[PDB]
Structures are given as structure tokens and as C-alpha cells.
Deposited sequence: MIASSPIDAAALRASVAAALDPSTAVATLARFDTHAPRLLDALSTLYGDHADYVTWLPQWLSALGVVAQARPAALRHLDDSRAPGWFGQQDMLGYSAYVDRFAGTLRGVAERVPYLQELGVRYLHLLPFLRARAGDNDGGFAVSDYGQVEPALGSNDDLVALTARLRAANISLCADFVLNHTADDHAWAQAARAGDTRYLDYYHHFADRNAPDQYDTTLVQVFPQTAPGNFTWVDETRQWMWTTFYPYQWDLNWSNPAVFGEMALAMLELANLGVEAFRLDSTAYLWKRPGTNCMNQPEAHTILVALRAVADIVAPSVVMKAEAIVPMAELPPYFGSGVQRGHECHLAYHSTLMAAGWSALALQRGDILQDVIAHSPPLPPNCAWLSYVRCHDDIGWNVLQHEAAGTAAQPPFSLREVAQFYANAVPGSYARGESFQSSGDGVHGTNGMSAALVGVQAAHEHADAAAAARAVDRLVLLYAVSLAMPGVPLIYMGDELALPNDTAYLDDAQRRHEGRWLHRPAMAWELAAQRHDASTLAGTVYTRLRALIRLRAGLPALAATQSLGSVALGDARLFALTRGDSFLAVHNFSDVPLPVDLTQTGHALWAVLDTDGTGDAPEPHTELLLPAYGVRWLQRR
């Protein structure tokens, strides 16, 4: 048998230089049983399995051999769980909006380094469909930088610059579907049945019709598109020019694993795995969140474990926190799937708590946050390139006997300025999500409109408060580009025939480097925000209690306006989500004489306290000494 365990190790060994292959073959021996078990489960009976597996493993070995020395070094030196250390801070941005090009990004590395960023997410920058391309999410080549943004050489140079600054690049890997002008799609359109089989194709409406009875439409239109060139119905979950890959075909698994490693070899250190819920289709289901989708992620993780162990696997899935634990792996796979998942529940709860002046909403979220397996952590965030999806908080909004319900529509209408008096200037997305920048959402725009200096200062307090919550979490707190300067909404897109249909442009502004130049000027908005965030980031970096290995807990306080969380046994963070100054008796919760840290940037001590008086929207960080 060509696929004997021994012959499989041989397929990989056949590509490696015996002299630099010891480390790779050792990791193969460790992780291959898990990988091969998963591949067998997925593809064991596929007609091409036996002929596919050995040559694919050889191709994997070839890509492993090509792994640059500088990246091999990270593989060898990075400890498990490195991405959850307390000095980890993240930043998410579009390449064009941030600095135009990959070269431009490289030139702004010192800005990121000074901010304290160790984890940089650049939104989709790989070559994407000609014309409409779903904001870069319709990918035409997983192995080539979008030319208007730069070349592969520029990416190599950028990641080398990033590594010197101790920064890790995170890139999107759109696993579920490709642009219809991807090379595989073009080969299908040219009649090559091998590549046609890289996608889901049907000669007539018979199966699509039946699938339509159980599928949920994402863009209410359709899940299938007739392609005249091939005269087939193609599965198109999202836009008609995005064809769903056929993950039941092992060739597709092989190709995508290789594309991942080839990105890693250009210096990508973390993969935002997108649209993973849709990877597996099963007749008679909604074709979402099938067990096989996780098995695929397990297999990809094992490939990374063998070839590029310093790489991080991140689930993109924006869902209620209760639905996230499967991404960290189930059963013997626990700790062997995704390293990271997004804490969207906490994000939405922050905004809700702020609008309703109810810290108890956050208390509840922390109290029920899923425990993190070893080498797993959260991405915590306040905003992102998408609208705020309130739906993740549906469960909490229903409330309980001990927790009063709240209205998600009331929160959304607040932020869309749909009720008189509101300080927010967001907009409803075409319960509907909310578009807008953090600064416009917390009251900065409205304060300016009213020429109100006091109201602007309260807005800043709210912004810093939301970020403080993220910064105390186990994992990577992720700053959305420009929030560190309180960048405002961008309305110019309304005048752009090509962009006006897309409301999310409101919160996708270009970086204003003239405001960035003001970040140390305490007398400016940019400077006040940046300095206050830096104070927290600096403290975070010096607190081992905040590392992802340490516990996360909540402390119930008598007042629903307050919110308290603990990290490990030596850190406590107390928050006031109201506009009223409120006292806290530390002895009530066994925190008497804990020291108050200098979160504001001068008190100045720190000193032991037995009680606190928290200003409106206030944050206090305390350490056990």
C-alpha cells in the first residue's frame, strides 16, 4: 500500500534535506497520526484518496524544505501560547487605508511599534476579482499580493521589517470560496473537469432546489448561480462571483493546505480563517457548522503543527461565545484546532453596557465566558471593519431570574441616533447591525456638533473605558485602525457611485497621518486618547497576571452600574459604566489593601486602598502586592 504509515513518512522525508529535516520529521511523528486520522475520516473512501495522499505529502515536504531560515527560527524558538502573553497587543487595518501599499505599511512600522503593537492584522490584500470583489474577500490567487497594493517581494520585505519590530502579521485565508476568476475557476470554465470538481456543480436545478429548502440565505439572492460558460449551477453562498470550494474533494484540502504554508513562508504568522461554518455541505441540513468543518480545521492545524509550528490559527466566526468552544477542538482534538477566536459577545456587551449604563451585563458575560484550553485565547475588540452585530447578545438580552433583560433594538437605535438626545452618531446597517467609528459612537462627533468641550471629554472617557475592558482580557486585544486617535466617521463614500451602496464605508476611513502626528500633544483629541490608551497598554505589558494562562473571573458588585473582573489572583479591574461617581468597598470582596495602579498617567503612587471612588465612566486597575 502506497499509503502505509511508513510510506507516508517517506513521502515527506523524500523532499527534505537530511541535515535540516530532524526537527520537521520529529514534529511529523508527533502530529501525523492526528492529521492522518482526520484525512481518513474526511476523505478515506473518496475515489482519489489513495492516489492523492502520498504525492500531496511529498508536496508538503517540498514546501517545508523551502521554509526560510528566519521563519524556521521562529518555529524553533516560539513557545506554545506565545500569542497570549501580556505584551501582546493587536491592530487591524486595511493596507490601502493605513498606508497605501505594503511598502507604505513597512514605513509606518515605528508608529505601530511605539503604540506597542505585536500583532498586526492587514485586511484582505491578496489578488482579488477584477471589478466587484466583496471588499477583497473574493480571492483570485491565495499566493499573490494584489498588484495595486504591492508585490510578493514587498510582502517578504514587510514581514522582515515586522519581525525586527517583534510584530506578527495576521492575514485572512478565505477558506470557503474563491473568486470566479481564480485559476481553478478558470480551468473549470475551460472545461477541465478536474478543476470543475474543485467546486460544487450541478447539471440541473434538482439538487439545488432541494438544498434551497434547508439553506439560509446570507444576502436575501440565492445559494446557486447558473454559469453559462460551464452550463452548470455552481454553489454560491455569498456573491454570485464567489464559488464555494468543494471540501469533500481531498485535492481541495491539499491545495488549500499548501496555499496556507506558502503564505506562512512569505512571513504570515497568523491566519484568520474565514467562513469556516460553511466548509461542509450535507444534504438535508443548513450546511453550516457540520462536524466535518471542525475536522478540516483540525487537519489544517496539524499541517501547521508539522511544517510551521510558530503559526497561529484564528477562527473568524462572529457568533455568540457559547458557540466558540468547538473551535478550540473537541475530545482528543481539544487544544489541536484554533488557537484564537473572537470575543464578539464581550464586544457587543461593552456597547450595550455603555448605552444602558449597566455594568451587570458585562459581569454576566465574564461569569459565563467559556474556559480557554491550553494554548488558546481570545481576540478582544471594540470595533472592526464590519458593523456591530448585536445578535451575538441575543441570549443575554433575554435575561434570567437573577439578570434583568435588555432591549437590543433599544441599544441599536441609541447608537443610530434614532432617539432624541443621544450622543451617538452611528448608522443602522441596511435587529440590524450598527455602522460607525468608536469615536462617533461614544459622543465625540455630537460633542463637536454642539461645540461642547465637557461633552467631548466625557466621550473620550467612554472610549478609553471600552478599550480598558478589552485590554484586561486573556489573549490579543485588537485596536481598530485610528481608534487610538479617535478617528471620526467617513461620509465621503456617499458621493462615490461605486461605494455608496455599502454603508460599512462609514467606519473604514483612511489613516490621517496629520492627526497621528498629534498623538503626544495632550491638548488635542488625538493626543488625549492616544496617551490614555498607552498608559493602559504599558501597564498591561508589565502584568503577568494578564497573560492568557491566568484565570479570568468576575466579581458581582451590589450596583448594576459597576463591573469588576479579576485576572489570576493578583489583579482586579473595576469599572463604572454610568455618569455618576460611585464608591466601592474593597473589603467586601477580599481586595482590601490592594494597590491602585497609575492607569491615568499620574496620581501618583501606587498605594494600598480599602475603598475606591470611581468617577463617571471610570476605570481602576489594582494589584495585589
Deposited-sequence ranges lacking CA coordinates, in order, are 1-4, 225-227, 438-442
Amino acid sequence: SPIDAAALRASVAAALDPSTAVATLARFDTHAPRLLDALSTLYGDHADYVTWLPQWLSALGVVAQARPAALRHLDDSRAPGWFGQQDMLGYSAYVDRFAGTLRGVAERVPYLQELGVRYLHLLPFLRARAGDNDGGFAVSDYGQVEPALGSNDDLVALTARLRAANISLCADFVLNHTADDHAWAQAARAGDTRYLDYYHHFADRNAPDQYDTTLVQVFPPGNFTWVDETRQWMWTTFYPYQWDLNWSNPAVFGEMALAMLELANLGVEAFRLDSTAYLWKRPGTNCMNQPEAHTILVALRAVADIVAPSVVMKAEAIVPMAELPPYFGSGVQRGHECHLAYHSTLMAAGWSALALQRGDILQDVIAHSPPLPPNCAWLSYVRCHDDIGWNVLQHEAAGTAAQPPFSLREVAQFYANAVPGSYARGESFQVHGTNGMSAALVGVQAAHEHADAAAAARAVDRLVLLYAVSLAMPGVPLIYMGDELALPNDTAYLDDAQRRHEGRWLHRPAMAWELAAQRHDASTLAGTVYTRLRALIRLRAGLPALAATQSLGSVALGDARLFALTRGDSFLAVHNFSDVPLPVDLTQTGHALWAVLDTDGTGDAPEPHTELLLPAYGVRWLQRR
From here on, numbers count along this sequence of modelled residues.
For 549-557 versus 155-163, entry-based mean Cα B-factors point to 549-557
Higher of the two mean Cα B-factors (367-375, 266-274; per PDB record) comes from 367-375
Among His501, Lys281, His200, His339, highest Cα B-factor in the entry goes to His501
From the entry's CA B-factor values, the highest among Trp184, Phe328, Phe406, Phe125 is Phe406
So, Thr599's CA B-factor, relative to its chain, sits in which third? The highest
Assert third(CA B-factor, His591) within chain per record equals highest
Assert third(CA B-factor, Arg301) within chain per record equals lowest
On the chain's distribution of Cα B-factors, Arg458 falls within the third called highest
Among the modelled residues of its chain, the C-alpha B-factor of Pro474 falls in the third labelled lowest
